[PDB]
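Below you will find the structure I want to go over with you.
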Ligand code: SF4
Ligand code: SF4
Ligand code: FCO
Ligand code: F3S
Ligand SMILES: [Cl-]
Ligand SMILES: [Cl-]
Ligand SMILES: [Mg+2]
Ligand code: NI
């Protein structure tokens, strides 16, 4: 998750407790970051099965995240991309746009 | 208790893929549809009675429940050879169809077969297979196309009609707006790649292994109305594009005769953002490299 | 009145004529007619395919790479098998070799189909021939529980559970809306299960109807959707990516995890529900180990299937053995060649087609599909068949023969072939299975035996699923990921003129596609399908096909109630759209 | 026999409990007791007969599996579980039953899924959890004080 990977909610301003991600504390061990709040259930298990079956750590990006599930962005595989590029957006909750499943970019989607 | 609405399910020329799809339903299970939502009173694929016993059931249902049953039609009637390309009880199937439709309140046309004609109607249509709406003209017909339609779409349409006690709203073509209102291409999770100009060019290239768009492999998503890209197949496990093959266009009328499945769709606007901007950059970089004298 | 002798049978069409049209709980359209003597014994049997679409005609002129998609629509029940045969044929013609993973996945697609198809047929199609559904309302739940728990380790067996099932059924019928159970054959003297066995059977019918939807999820992963998954000439389109960026867009670890979960559950359901139910039906219907033998003790055929060595369709590769037996000589299993013009041939003298000379058979490379509806005098009219004329043309199904011999195909045929070729697993399996019923090996050559062999095949296929999956994972562990060969994808790389054969064992038997390519287009495409063999009409020698043979000499307890006819026909698992295409 | 005396639940065959017992026996025979290691097993306050313990443990496994299904209702209306999504002013899951683009909203098919989960959840709770709670009650009555 985001907690061990980055810091997550407790590390947000003003981080009252000085919550620190693991890789800031442990610096002499291979650390596989599986972020998300929480990560996808089947992603968690697929990573586990991979390590058991293939007897190796998954290849990771420059941030220590497994390329298999974190190599691309949400926006790169979102089924509402057709609306995004067409400029078809939900502008307020439960408008006709929302009822047709238009893009949520103007509602603040951080998929990109 | 409560009576369930009587349903008569007849079969013309078909592959029985639509019936198979129906029983794949994840929610509600086909078991519960048959047990609790409807009364499946006639269906050659599943019923115990055969022959003259089957005929008696058929006659009894359409007579007793005349004007009150739903007619579900899988497959289509052939007009060739006086209709004897499809024979039921020693007579042309079309006679059964007409007799069934005359007493129905409404008709469901399951799949591309009943809706349009599907594979048997492809060039040269040896049997003159004809969609239901070309034969029956005086009854509401709801077209639920696809080869076959999505299992959960089928059941959802059934549950809708039971629960809301009415027919689903339809386009000019008779397809339910709910699942056929939009194109595969307008809800495809690979649009990002389409829009960027990132395409699979040959099977199992690096593009294919990253799940890039299948437009250049012949995907007919851009011209096909269906729910496969949102609802998905077999309890949302997958759909054609997700498993690496382009849409064949199987929900669309005469899709068999729209050229090769591996031929690109035409008259679909397509200008990639990153493909165009990469060109613009190299065009400009190459113009300058020529003038400076570091060409190539 | 006519009478003649063939294959040990005396075909006599004197006496009362019985017509079963439509045949229900089958795929597609079939009509059966029989004659019975004074002793209510069948003396004449007529198998009629009452549908035709003409796929072989539709494919002419098309691109060989599109072929699989057209022919897949031959049948939605055995969905996928025709597509497999198709890519086999086109790859054979052009000379394409697919990568190992592509072969393994295709094997998985076939095994999955076997599991699903056999399971659904057992319960939803053949089942109500053996299970008296309405009699289940008379059972005692506590003994139903005892019975089930005495037969299997399946968890779902509580008295409360069976009581719930019986209760729903009771409610269902109480309204008079019997649905699929209306006007059935309930109470027929040939229904031999005790009420407790009927309740157990019906409960499992429901469990199978539910679970079957899960099995095909394997098709959805590798082929996008079921029914009618997708395939490509050169391999499979389901690219694999385990450990690299963008694995989210391909077959990844999570995807394979799903496949593995379905395999385990499928083997679990087949082994502990279907298998014990099959044995159970055998226990209470032992006389039917001697009814509907037909051609199964005389002539059986298998092409073979499941090549474990990629692109090798030889005997050292096929996990499901091929071969032919004729004249009841099972000690001499003969090799099959689908190119040999003297082996597989199709006759149309008793079918609604046209040949230059209907007195000779044509190998599919010389095949002709020219529809000619010509029923003769049928005691009615061209649009009103009261009685088929079996003297002449009576079916949309062609009459295939092997070296002139009428053959039975399917699970029973394959089992006999595999057994007599000395396949250790099959020998043991059959032996074990027959021991349990206290029946001789000959008991398998029957209506009951077909059903028993089908169930055993499902178990066999379920086991193979795991084997293939492990084989795939082994490749991935070794970094072997390739799923497609595109070296010869472009028509420009094809021979100007070529031909090939694609064959496999479909759920219902030996399937073959014969394809000729000329200038990048389909020139000829001919299909000989399993039900084409079994439901075959007669040939110029008057030899009868597997259905008509199996129905011969059958005793009927009530002539107007064709339960016996149904039992035998359903044991073959007729797919009529397959047979006619 | 114990399970069947307490509930209508179908999963109660001798073969089933034997299988569960074997899986557990195999599991421990390796010395790798996992979450069971250094437990309080054999404590005098443990009052269930061996059969009730086997029934209980089997149901523990069944609950572990089935709990994942319940939260699918959260996934439909709130996108994901754990931590579904909400908005001030209502819920973001717009509903479309009968109009074009229903594929992009909560539709009949989505609702059908929700209904299927509700039925299964009530069925598990009423016939597994409830009787087990009642059973623990029967064998641990002093703890009512
Ligand atoms: S911005 Fe968000 S809603 Fe819009 S297409 Fe991208 S990921 Fe989807
Ligand atoms: S062309 Fe096909 S793969 Fe590409 S975005 Fe459109 S529907 Fe998806
Ligand atoms: N199994 C099956 Fe269908 C038939 N006959 C095919 O091939
Ligand atoms: S081929 Fe048919 S299944 Fe959907 S993806 Fe295209 S409409
Ligand atoms: Cl299950
Ligand atoms: Cl459950
Ligand atoms: Mg043919
Ligand atoms: Ni078939």
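Throughout, chain C uses Swiss-Prot numbering, with the displayed residues spanning 2-582 in order.
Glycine residues also receive a Cβ, built from the backbone N, Cα and C atoms like all the rest.
According to Swiss-Prot:
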type	residues	note
BINDING	C:76, C:79, C:576, C:579	Ni(2+) binding site
Measure the Cβ-based neighbour count of residue C:79 (Ni(2+) binding site), defined as the other Cβ atoms within 10 Å of its Cβ.
29
According to DSSP, which of helix, strand or coil covers residue C:579 (Ni(2+) binding site)?
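SS state of residue C:579 (Ni(2+) binding site) = helix.
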Sorted by position, what residues of the same chain at least six away from residue C:579 (Ni(2+) binding site) have a C-beta under 8 A from it?
C:28, C:29, C:75, C:76, C:78, C:79, C:507, C:509, C:530, C:531, C:532, C:533
Once the chains shown are all counted, how many other Cβ atoms turn up within 10 Å of the Cβ of residue C:576 (Ni(2+) binding site)?
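Within a 10 Å radius of the Cβ of residue C:576 (Ni(2+) binding site) lie 31 other Cβ atoms.
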Per DSSP, to which secondary structure element type does residue C:76 (Ni(2+) binding site) belong, with helix, strand and coil as the options?
coil
So for residue C:76 (Ni(2+) binding site), how many other CB atoms are inside 10 Å of its CB?
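The answer is 32 other Cβ atoms.
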